[PDB]
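Per-entry structural report
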Amino acid sequence: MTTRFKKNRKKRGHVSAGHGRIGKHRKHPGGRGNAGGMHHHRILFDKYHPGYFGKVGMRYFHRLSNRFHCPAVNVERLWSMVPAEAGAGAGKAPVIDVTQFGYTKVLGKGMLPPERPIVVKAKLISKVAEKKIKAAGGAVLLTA
Amino acid sequence: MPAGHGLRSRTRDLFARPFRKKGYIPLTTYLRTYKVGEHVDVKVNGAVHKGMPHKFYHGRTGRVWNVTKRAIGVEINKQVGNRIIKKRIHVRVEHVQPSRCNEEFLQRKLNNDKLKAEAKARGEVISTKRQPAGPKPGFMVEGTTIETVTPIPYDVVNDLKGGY
Amino acid sequence: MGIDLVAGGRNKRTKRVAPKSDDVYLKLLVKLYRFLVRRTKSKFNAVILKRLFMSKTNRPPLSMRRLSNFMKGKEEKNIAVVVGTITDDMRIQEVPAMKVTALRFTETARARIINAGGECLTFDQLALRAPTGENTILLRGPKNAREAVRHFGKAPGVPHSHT
Amino acid sequence: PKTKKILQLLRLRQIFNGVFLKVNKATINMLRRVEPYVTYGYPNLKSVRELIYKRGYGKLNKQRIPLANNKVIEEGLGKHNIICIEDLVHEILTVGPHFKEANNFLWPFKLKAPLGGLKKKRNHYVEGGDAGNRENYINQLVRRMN
Amino acid sequence: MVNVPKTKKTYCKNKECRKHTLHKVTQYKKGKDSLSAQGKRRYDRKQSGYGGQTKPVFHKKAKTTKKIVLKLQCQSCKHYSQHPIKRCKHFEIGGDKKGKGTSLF
RNA sequence: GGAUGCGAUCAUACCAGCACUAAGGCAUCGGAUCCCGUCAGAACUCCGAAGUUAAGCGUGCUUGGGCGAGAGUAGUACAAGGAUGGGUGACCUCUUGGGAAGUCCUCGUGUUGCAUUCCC
RNA sequence: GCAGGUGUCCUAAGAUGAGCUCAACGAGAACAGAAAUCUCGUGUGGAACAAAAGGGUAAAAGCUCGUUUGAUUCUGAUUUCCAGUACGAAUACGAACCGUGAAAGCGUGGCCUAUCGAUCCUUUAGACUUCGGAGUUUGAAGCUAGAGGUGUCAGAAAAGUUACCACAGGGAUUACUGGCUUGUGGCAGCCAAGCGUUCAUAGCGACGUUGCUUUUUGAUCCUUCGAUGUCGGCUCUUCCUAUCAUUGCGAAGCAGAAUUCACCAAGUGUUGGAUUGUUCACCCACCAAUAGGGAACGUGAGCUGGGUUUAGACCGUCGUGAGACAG
RNA sequence: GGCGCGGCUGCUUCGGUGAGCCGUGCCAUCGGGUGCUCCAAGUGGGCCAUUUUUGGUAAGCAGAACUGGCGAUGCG
RNA sequence: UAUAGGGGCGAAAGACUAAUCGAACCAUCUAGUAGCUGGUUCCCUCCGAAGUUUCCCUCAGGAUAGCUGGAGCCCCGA
RNA sequence: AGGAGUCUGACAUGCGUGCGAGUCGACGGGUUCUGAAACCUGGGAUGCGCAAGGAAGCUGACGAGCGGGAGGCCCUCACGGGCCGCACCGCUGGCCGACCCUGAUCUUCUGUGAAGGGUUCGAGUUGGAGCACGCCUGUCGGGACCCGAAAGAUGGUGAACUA
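Residues numbered from 1 in each chain as written, not as in the entry; some residues may be left out. Chains lettered and ligands numbered in written order. Part of a larger assembly, values for the part shown. Heavy atoms only, no water. Residues with missing side-chain atoms left out of burial classes, pairs and counts.

Structural notes on the arrangement of the chains
Among the three pairs of chains that make contact, the interface with the largest number of contacts is formed by chains A and C. Structurally, chain A and chain E remain out of contact, their C-alpha atoms never closer than 13 Å. Separated throughout, chain C and chain E approach each other most closely at a C-alpha pair spaced 26 Å apart. (Contact = heavy atoms within 4.5 Å.)

Here's the deal with the protein's contact with RNA strand G
Looking at RNA strand G, there are 89 residues lining it, with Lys50 and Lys69 of chain B together with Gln38, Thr65 and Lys78 of chain E nearest. Of all RNA strand G atoms lying within 4 Å of any protein atom, the proportion belonging to sugar or phosphate reaches 84%. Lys78 of chain E places a polar side-chain atom, nitrogen or oxygen, 2.5 Å from a phosphate oxygen of RNA strand G. The side chain of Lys89 of chain E places a nitrogen or oxygen atom 2.6 Å from a phosphate oxygen of RNA strand G. Of all the elements in the fold, those that place two or more residues in the surface near RNA strand G are α1 (12-15) and β4 (86-91) of chain B together with β1 (7-10), α1 (38-45) and β3 (66-67) of chain E. Broken down by element, the surface near RNA strand G gets its largest block of residues, four residues, from β4 of chain B. (Near = heavy atom within 4 Å. Polar contact = N/O pair within 3.5 Å; in protein donor to acceptor, adjacent residues only side chain to side chain. Helix = DSSP H or I, 4+ residues; strand = E, 2+ residues; numbered from the N terminus.)

Topic: the protein's contact with RNA strand I
Near RNA strand I lie 35 residues; those nearest to it are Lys6 and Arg9 of chain A, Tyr164 of chain B together with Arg10 and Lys12 of chain C. Within 4 Å of the protein, the contacting atoms of RNA strand I are 92% sugar and phosphate, with bases supplying the remainder. One of the backbone nitrogen or oxygen atoms of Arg21 of chain A is found 2.7 Å away from a sugar or linking oxygen of RNA strand I. With respect to RNA strand I, the side chain of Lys12 of chain C contributes an N or O atom lying 2.6 Å from a phosphate oxygen. Looking at the surface near RNA strand I, the elements that each hand over two or more residues are α6 (156-163) of chain B together with α3 (43-51) of chain C. Looking at the surface near RNA strand I element by element, the count peaks at four residues for α6 of chain B.

Structure follows, in structure tokens:
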């Protein structure tokens, strides 16, 4: 059988949720909210990839710790940081380095696995209760 | 009318007892407690009204898998139709009978191995049976449990019974 | 005749040279194994052959990590047989040595293994200098791993219960 | 289909297939869900020679190449005893050490249709038919099925 | 129909006691109103005077048959619970009293 | 050889009938102020020995009707597999593997596990 | 398909523990028959358990008595639901929390075998979350859980006519011819109670019983719905036999004689009219007698066109009405 | 599968026990009829015979069960 | 020479409005939409059906298993 | 003679190939042939990934084997066992958010946060991935293999027929 509307099956993806069954994710409300306005984005990278690219990250200066072991501001290591509201460091998988990471947010089990002598650094915007008191100073970076 | 499985429907052995089994059952059955890997029948006493499975299960032999308080979980496999899975049944010991066949067997195994030890220190029969056993690596079991519960979802009886 | 024997015609037929290997250099490699296999001791090369015919559901990425814990000096730095390819994903200061043999590696993996020790070997140089294919570890898959068995379709797919 | 499954268990996958079976009531309870569909019985030592000679075929590790001259003296496996023709025919019908598993033939006799026919197929031994158990007449029937 | 006491003892659900105390039974309806809901979707979506899917108010309807229909309100803490399904109708209450036993009269 | 406690096998453990736990290894029995209780110690129950073996508990026997179990006696019904086997037909039938049943005889008016452990 | 139940009713018709054990029959009690009540004896599941059926159970699961609240909250392995599919339901836990109870324990709703409702919204519960410079009130939005409609019960908001019709299809399904069946119908055999003054069988013949036909009716749904022209009639050919007459027969309650029943037998005959569309049938005179039954109810590329059976219309009946009727 | 050694645990008297777990050693008539994954098909309307049926006088009836065939299978 | 499409005109039948009327004709939307009927064009090979079950405004369909088949991967089973 | 799986999107796949914890290139310019197009390059675009939960705050570890069973070695070699060892599947249990409970050190605005457990849900290891195009196959879509009805709607053209 065919007319491809008698064996086909059917026309548009319905009889499928209501009364026949399988498939979509189906039957909805449910949360909805926030709008298209006050919305995303928070950029997030786990500290094991900065540890990939410590040795090859030779645009980030080494300093008080040995030459492998670098201060690096993570805001200027995260692709698509500039259209994001803040850059956060996530805590998965090891760090075997003596780094100094600068972030706009850090996890609590994000400092803790690279406790292994570190200085974990808030940027001014991490607070974010820090004084843009008309004044002058600090800023967010911009690039494509 | 659609078919079902009226869980209570057709029940005469499954709830009636012979003349010789009527009246209250002695509490020793109610008291009996089993160990894991015991083989036990499921077959209701009809004169106990609670802790029963759903009646279709009766006359199947199961393995005691684990226990929850008062009633026990016994593992069984359903039968006939298509692709059928192992299922676990919650039953109190009032409907669950120890297998005498399995005790007899356990005994017949020991008898066999008393002889195996005797006949391998001064005796001869077989030879070939001595060559397998001695090699083996063992043991227990749940790989081969999944092996069991995949062909008993049976093949050719399923297609044979799938049209008529 | 029987019905049994008809079912006997219905076994497999697994058999395949894959539809294309567009790479000529793979295409010659996949034949070589049926001449060499029945002509040496090498069961391993005979296994690699099936797995470099048939499928993409079969062709392996192996990470330097997935070599690295798994080779760990207690089969003492043998020759590691990776049917498909190595991938570059680890930093430890990686492998304890190593002779790794594969169809393909990435350039970063090629660079990092040879500056740890041994050689990143190609499978043909392996067939020349290890024709017996013994003291060798077949390491490994995957497509059999976490993502994706039957976990397809949209939003999936699940332990199961239902899907 | 239950009996057809039993014809396979004895291996018997076509008409005029044959397989040798052993000594029991238990085997003949098994056989007597198959009785109307088979004929059976003891063929003598010579009639097993002049059937092993006629209709024997080769083993696995190759195909079949057969139980012809060369290839039973020198070929055929055997780990139990000497595999060779004359020797095997005595060992199988003398029924001793590992000779219920020397049968384990290679694997069905492919019999010729009988010479001059049956007396009719739909009938048992009692009524002058072919089906069922009969020592005498099996050795007649296999020497027709050449 | 049912004797149900208006005054009963029960367990609390609520996390300030999380133990047993005196509770008061009452049958409940209000409705809303101040309009943010379905009521708005209708006000707007009239749209040629069409009430439309504001009616499933009918079928002409009638089968009769409930569940218990309660909220039991603590007289010693204000934390208090509704109850789970089993089958009633209709329901009597008043301040109870009682289906009193026993009678000689 | 065994009465007294707690139980297993739960129609071989009954209905009925005839001897026996017993001069210091029981129940009937007596006091009921009493705990306890009832309407009322009758039951219930604190207390307890004068009687009793007469019982109940239970011990030797009685098969009588009951029945488990079995022995002969009814291979009869019934049914699985297979038949160019018969019959107008409902039906029968051979073969292959199986086979209750009533009567009579019989065994049986317990058996078993833990206790307190006793007269000889 | 048979048989019959549930869409309720219950804070005690639940829980537990101590304590008791029947229904019922005999015997006894002035009056009381319905007579309870009170007593004794016998009394094993026949009683009792709200409610179908069924099955279960005797210091109970049944009875009696007191107390009690667990018909508490939250969670669920798993069975049923369904072999993997939801709500429901069960069968248990653990966590929290109580009871009774000597306590061990029992208690996760109703002897058991298990006794119902998603989805938006609304309702409330508890705590917490949230609504775009800060700051502060108001509501909103929301998580988790329970109750309010869906008995078209795995969830629509919901009456008819068409004979003015139309369309896509179906012989998947009717009327209808055919085919199967043959209860119904027609006819027969057997048996022979019985009646015929007496006499079963001149004749008549019940009950019961076995058949044959396929020509009434019923049943079925195999055949056709890209089409099988309807009933009745007419004319025209042919046939069957269960024979109405005629030929030849047998019996008689065959004296003649009209006859009565039956045998063989299909060659030839079997009509003309009055009413009705009628088939059928009623009637009239006829006649030797005016037989029945098939051939696609023989017969519309023959006829006819009265009925049936379109579109118009009336009456009666029904319907608020359109409109409907085996009128 | 069975045993021993050693640790740890449980439920249920400051009480008795096994079972579970981990670790370590020891000792033991058939014959590919076959597992798992992805993606797709007509369906998602049958028939008959045999056996066992239930309704129906019955039916080339209706409606099940158990099976073999037709459908989709020639040839005699 | 008026009156034009649920409008006209009708001594009203659903009559009549250019051979078309229980809603004219034309062109367009438009390649409507059809759980329905029909048809859908080269060779061969390996295996080879289902006409069943739950749900479903469901029974001339969907849906989901059941019945199949390919393609890969591995080395028990009566 | 004409006459029916078309077109490409999405979502899911099969088969293949390049790089592989990112890959991925428009638009401009630069430049030949060519209306084409190509090549370099900034690299738009910021997917799917790279890790997750959920209303919302805001938080966020990767160690283990056990069994079967690939294979090497030791040996000792007719046999043969012992060890590791990882594929892969089955089986075990801890973790990371969410919920619920106990929370030290203590900070002492305020609350963060070691230890530990229950519970389901999703996540992480021995269950570590992709992207890209091509070629496939499906689904849904747009007329959606092709034909096939009566229709309903808009705007015009008809009273030379007929009322």
